[PDB]
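A single chain, nothing else alongside it, follows as structure tokens in the form deposited in one PDB entry.
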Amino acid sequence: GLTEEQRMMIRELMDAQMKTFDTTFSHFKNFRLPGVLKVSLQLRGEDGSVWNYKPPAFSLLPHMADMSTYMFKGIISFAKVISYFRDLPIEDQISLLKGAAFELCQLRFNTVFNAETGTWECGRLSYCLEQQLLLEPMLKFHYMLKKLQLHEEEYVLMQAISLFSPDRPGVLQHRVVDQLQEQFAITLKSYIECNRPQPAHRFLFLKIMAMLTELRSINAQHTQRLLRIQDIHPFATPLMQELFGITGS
């Protein structure tokens, strides 16, 4: 059963989620495009028209970097609006964000992902996959997590656990961030047993937990893959530089 302290956590968590997550990507514009994986782009005009992009043979980097910044921006507003986060030392908020930005983005990106059609529905924008080449970690992750069929509560809770990780470079309040994370995980574990008594959801809390661990490694591996592509062909935005620790030098 959920305590009133648990109900209160989920609430202030769901609230921040609806206040900082533009599920129809309305305010995302002025973004770069490929000019003139295997992801095809689709842009449904406000007027009914449609612009479709098929890839060649890069090129889609600038755009993906703009989508990422719009996403990161939301994720940050998400953190600063949660009491538990706001009450930490400034330095620790930056350490935590730089730590989970990628993970929180992918967690949100998974909710607009369609496993049936293999596409990310982002408002008027669409990212379609061009099929057992889930040989791609990030890809198998989206399908696996999408398969679990989680509720919004579970997703925002996963976002909490990931955000408040004590095991992150430069985290000063190592102890607080840890207790907080334990509290979020407890609330999750409880929410599951209070609302999903069916056999199919047995071990759900643990699958979720393992998922967040996999996601942590994927995050480590992608950061590297990204910093390598950035070294030879700069594309990262000012905000991404700040997140991935680039000095502009």
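Rigid core: the largest C-alpha set superposing within 1.5 Å between the two forms. Sequential numbering from 1, following the sequence displayed. Shifts are known only where both forms have a C-alpha.
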Unresolved deposited positions lying between residue 57 and residue 58 come to 4 to 9
Going by the record, give me the number of deposited-sequence residues missing between residue 36 and residue 37 as none, 1 to 3, 4 to 9, or 10 or more. 10 or more
Quick check: 216-224 versus 191-199, which has the larger average CA B-factor in the record? 191-199
When mean C-alpha B-factors in the record are compared for 228-236 and 16-24, the larger belongs to 228-236
Of the residues 173, 126, 162, 106, the one whose Cα carries the largest B-factor in the deposited record is 173
Whose C-alpha has the highest temperature factor in the PDB entry: 167, 153, 121, 116? 167
Residue 61 CA temperature factor, ranked by third within the chain: highest
Assigned third (lowest, middle, highest) for the C-alpha B factor of residue 157: lowest
By the record's CA B-factor, is residue 179 among the lowest, middle or highest third of residues in the chain? middle
By the recorded C-alpha temperature factor, relative to the other modelled residues in its chain, which third is residue 110 in? lowest
Test of reading the entry: by CA B factor among the chain's modelled residues, which third contains residue 77? lowest
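As for the form deposited with a partner chain bound, it is not shown, yet the points below apply to it.
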Residue 85, heavy atom within 4.5 angstroms of its partner chain in the bound PDB entry: yes
Under a 4.5 Å heavy atom criterion, is residue 239 part of the interface with its partner chain in the bound PDB entry? yes
Given that its partner chain is not shown alongside this chain, does residue 93 nevertheless sit within 4.5 Å of it in the bound PDB entry, heavy atom to heavy atom? yes
Verify the contact flag for residue 97: yes if a non-hydrogen atom of it lies within 4.5 Å of a non-hydrogen atom of its partner chain in the bound PDB entry, no if not. yes
Residue among 105, 128, 76, 115 with a heavy atom within 4.5 Å of its partner chain in the bound PDB entry: 76
Mind listing the moving segments between the shown form and the other one, meaning three or more residues in a row, each Cα shifted 2 angstroms or more, core aligned? 46-50, 131-133
